[PDB]
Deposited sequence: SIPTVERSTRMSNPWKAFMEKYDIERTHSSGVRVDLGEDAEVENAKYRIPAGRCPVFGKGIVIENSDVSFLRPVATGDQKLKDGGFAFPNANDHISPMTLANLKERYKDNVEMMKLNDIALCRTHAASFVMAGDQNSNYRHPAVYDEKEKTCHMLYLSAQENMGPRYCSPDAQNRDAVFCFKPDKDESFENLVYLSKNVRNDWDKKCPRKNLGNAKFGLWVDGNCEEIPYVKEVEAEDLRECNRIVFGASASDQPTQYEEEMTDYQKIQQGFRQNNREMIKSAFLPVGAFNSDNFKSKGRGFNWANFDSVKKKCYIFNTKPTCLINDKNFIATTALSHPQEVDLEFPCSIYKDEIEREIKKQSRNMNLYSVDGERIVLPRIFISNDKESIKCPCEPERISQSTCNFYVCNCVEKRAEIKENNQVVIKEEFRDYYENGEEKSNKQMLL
C-alpha cells in the first residue's frame, strides 16, 4: 500500500478557463473588431468578425449628443428609414416574425437578435447591438467603430464602455449562438486571474498597473487596452484583454497573456474586455481541487496523488510539511509550499518546464 506523487502535469482549471481564452474563443478585435474582409461587388471592405458578444460596448460620437443607435441621417450608426420594420425591432417583434421557425425559436434573445441582423443581404453582413434593458435589436448600418489625433469639420467617434451603454451588447455577424457557455459575461468576485504553475495558481508577474475607482472603471480601462483591429492589421483577439481589480487598493492590473486558473482572493474581481461592466458572481468554485484529487483516487496497490498542492481539505494534499492557510481565501484554502516544483514562470509570463525536468517530459 504505497502512496506517491504523480509525475503527470495537469491543470484542473482547463474546462473552466476555456471561455477566457479570448484569442481562441473570440478570435478578432474587441475594442475595434474588423476581423474579416468582405467584398461588395468589386470593393474590399472590413467587417466585425468576433465570435463573442461584447457586453456594455457602444460608440461615443465626439462633440455630439446623438446616440449611435439613431438611424443614420438619411443621426447615428443604425439602420435608417426602412419602415422601422427591420430595425429597430423588439424582442416581441422578433418572436412574432420568426414564430414558425422551430430553430430560431430555440435561440436565446441575444442570438435571435444576432441571427436576424446577420441574415440581411458577398459575405458582407451587418453587426448589431442588442439592448437587453429595452429588449430591442438594432442593426448597425455603419461598421466603423473609430475615427480617432482628430485632424467641426471632422466626424470623430470611438468605442467605449460607460453607464449609458451598460445594458448594450455589441454583436458581430459571427457571434456564437452558445456564447453563454463559451464566452465571458459575468465578472468573477473573490478571484483574480493567474497562471497554473505545477499544482498551484500563481500571480502573473508582468502586468500593467492602473488607477481604478471601481469595477466599472477597471472594466472600462481593459476594454480600452484590448485587442484592436483598427489601422495605425488583424489582432485575431490578441491583446491586453484581461484585468484583475483590487477592490481594496482601487487598482486595475491589465495583462496580455491568457490566464490559466484563478487565485481565490477576497480583495479582487477578475474582469475582461468582453465582460459585463457590473455583474459579479461572488461564489468561487472552492471544491475544484478536492474534486480532482478525489476523482483521481477513484482511479483504482498504488495510490498516485495528483500534482495539486492547494485544497480546502488540508490533509488531502499529503503535504511534506504543515500546509499554509491562505488568509485572503474565502474558501479557506491551504497551500503546500514545500514541494518539488517542475515549472516556473519566465519572461513574458510564459510557464515553462524547469531545466532539471525537461528531458523527462518528452
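Asks: What ranges of the deposited sequence are left out of this structure?
Replies: Those parts of the chain that were deposited but carry no coordinates are 1-2, 77-83, 131-136, 164-166, 170-175, 257-294, 363-373, 436-447.
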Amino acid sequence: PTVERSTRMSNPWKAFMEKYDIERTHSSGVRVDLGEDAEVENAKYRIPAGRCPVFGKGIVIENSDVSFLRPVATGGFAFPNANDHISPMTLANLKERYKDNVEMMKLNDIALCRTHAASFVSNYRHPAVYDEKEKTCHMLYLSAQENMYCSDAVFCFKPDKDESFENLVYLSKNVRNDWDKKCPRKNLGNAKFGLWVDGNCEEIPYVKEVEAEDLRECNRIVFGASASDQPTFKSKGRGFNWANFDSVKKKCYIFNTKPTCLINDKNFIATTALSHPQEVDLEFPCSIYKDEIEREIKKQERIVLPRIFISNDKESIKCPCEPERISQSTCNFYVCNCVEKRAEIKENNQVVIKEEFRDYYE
From here on, numbers count along this sequence of modelled residues.
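Asks: Higher mean Cα B-factor in the deposited model: 267-275 or 204-212?
Replies: Averaged over C-alpha atoms, the B-factors run higher in 204-212.
Asks: Mean C-alpha B factor from the entry: is it higher for 59-67 or for 24-32?
Replies: Of 24-32 and 59-67, the stretch with the higher C-alpha B-factor average is 59-67.
Asks: Just to confirm, going by the entry's C-alpha B-factors, which of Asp198, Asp160, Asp100, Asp281 comes out highest?
Replies: Within the set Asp198, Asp160, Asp100, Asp281, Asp100 shows the top C-alpha B-factor.
Asks: Between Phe193, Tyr253, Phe223, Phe233, let me know which has the highest C-alpha B-factor in the entry?
Replies: When the deposited C-alpha B-factors of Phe193, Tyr253, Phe223, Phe233 are compared, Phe233 is largest.
Asks: For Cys183, return the chain-relative third of its C-alpha B-factor as stated in the PDB record: lowest, middle or highest.
Replies: According to the entry, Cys183 has a C-alpha B-factor in the chain's lowest third.
Asks: By the record's CA B-factor, is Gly76 among the lowest, middle or highest third of residues in the chain?
Replies: According to the entry, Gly76 has a C-alpha B-factor in the chain's highest third.
Asks: With respect to C-alpha B-factor, does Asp291 fall in the lowest, middle or highest third of the chain as deposited?
Replies: Middle third - that is where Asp291 ends up once the chain's C-alpha B-factors are sorted.
Asks: Would you mind checking where the Cα B-factor of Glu217 ranks among the modelled residues of its chain, as the lowest, middle or highest third?
Replies: For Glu217, the deposited C-alpha B-factor lands in the lowest third.
Asks: For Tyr334, does the deposited CA B-factor place it in the lowest, middle or highest third of the chain?
Replies: As the PDB entry reports it, the C-alpha B-factor of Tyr334 lands in the middle third of its chain.
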